[PDB]
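To begin, one chain is listed below as C-alpha cells, in the form solved without the ligand.
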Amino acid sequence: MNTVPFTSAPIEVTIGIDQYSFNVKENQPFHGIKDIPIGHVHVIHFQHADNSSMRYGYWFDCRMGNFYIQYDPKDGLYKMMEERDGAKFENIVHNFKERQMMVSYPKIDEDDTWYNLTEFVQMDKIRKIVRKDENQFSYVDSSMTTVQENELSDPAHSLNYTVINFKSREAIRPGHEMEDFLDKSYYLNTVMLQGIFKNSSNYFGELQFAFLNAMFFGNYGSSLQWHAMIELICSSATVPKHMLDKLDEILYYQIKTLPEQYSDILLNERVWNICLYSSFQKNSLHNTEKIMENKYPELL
C-alpha cells in the first residue's frame, strides 16, 4: 500500500484520487494520501476553489518511484515530483502517518470499480500519449488538445492519441470505398489492431485512458477519442467475440461511474444511438444497452 505525501496545502482545493475526492481548506494541515492500492495506475487531480477552471492532474504508478505533491506559488499549481532518496521519503511518510495527517484511499473491499476502469491502462502507454520523458508520471488538464484537434497548437503539451478518421486514405482501401466506409472491419482489424495497437489490450487501454481524461478533466479531445474508438468497433461487422464481450464490460463500468449530471456534455447522442440501435454490434452490448437505457433514456 503506497503513499503520495504532500509538502503542504497552501491553497483551498478539491483533491481527486481516482474516483474519490476530498475538499482541503487553505493552509489545512493535509500531508497526503496513503493506502493506495498497488497494481493499478492512479490519477491525483485538482480543482482550485478560487478558479474552478483548469481541472489538472497526474497519472502515476507507485511501483515506478516515490512521488509527492508540492504547491508551486510561482506556477500556481500543485506539482508532482519524484523523491530519489528512498530513506528521506520513507522518513517523511512515516512522520506524516504517525501524526495522522494523511487521508486513506477509501477503497471498499467488494468494489472493483477502479480495476474495471483501468484494466488495460498501462503507465508505459500513458507516457507515449503524454510525452514528458524526464518524469515517470504524466500531467493532463482540461485544456490540452489532441494531435488530431491540432491538425484541424503547442506540440509538447498535446495528447498523442492514435488518429482515427473514417474519411481518410488510412481508413479506406482504393477500390473498396463503399465496403470500407459501411463496414470498418479492415480499418479496425488490419490497420488499427494488427498495424498500430498490435493487440486489443493496447486498443482498450487507450479507449479507457481517453474516457478517464474526459471524465476527470472535462478534456473535450479525450471525449472525442473515446467515442471514435467505440464507433470504430461498433461500425465493424467482423470483431473477435472476446473483444465485443470485453467492450460491453468496459463501457458498462464507464457509464456506471459517469456523474449523472455530466451525461449532457460527456455522451455523444449520435454515436450512442448509432452504436446501440443501428450498428453491426447493436445486439452485442447487452450490459451497456441496459445501463444506458435505465440511467440515460433521454439521450436515447
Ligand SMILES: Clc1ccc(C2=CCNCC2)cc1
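So that there is no doubt, residue numbering starts at 1 and follows the sequence shown.
Keep in mind that the form deposited with the ligand bound is missing from the display, and what follows is about it.
Exercise. Does the 4.5 Å heavy atom contact test between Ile38 and the ligand in the deposited bound form come out positive?
Worked result: No, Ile38 sits far enough from the ligand in the deposited bound form that none of its heavy atoms falls within 4.5 Å.
Exercise. Going by a heavy atom distance of 4.5 Å, is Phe181 a contact of the ligand in the deposited bound form?
Worked result: No - in the deposited bound form, heavy atoms of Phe181 and the ligand never come within 4.5 Å of each other.
Exercise. Is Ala237 close enough to the ligand in the deposited bound form to count, meaning some heavy atom within 4.5 Å?
Worked result: Contact check for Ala237: no, nothing within 4.5 Å of the ligand in the deposited bound form.
For this session: Decide whether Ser223 counts as a contact residue for the ligand in the deposited bound form under a heavy atom distance cut-off of 4.5 Å.
Result: Yes - in the deposited bound form, heavy atoms of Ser223 and the ligand come within 4.5 Å of each other.
Problem set entry | Every residue of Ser185, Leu188 and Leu232 near the ligand in the deposited bound form, heavy atom within 4.5 Å | Checking in the deposited bound form: none of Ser185, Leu188 and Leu232 is within 4.5 Å of the ligand.
Problem set entry | Residues from 189 to 221 in contact with the ligand (non-hydrogen atom within 4.5 Å) in the deposited bound form | The stretch 189 to 221, when checked against the ligand in the deposited bound form, contributes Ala214, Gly218, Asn219, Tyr220 at the 4.5 Å heavy-atom cut-off.
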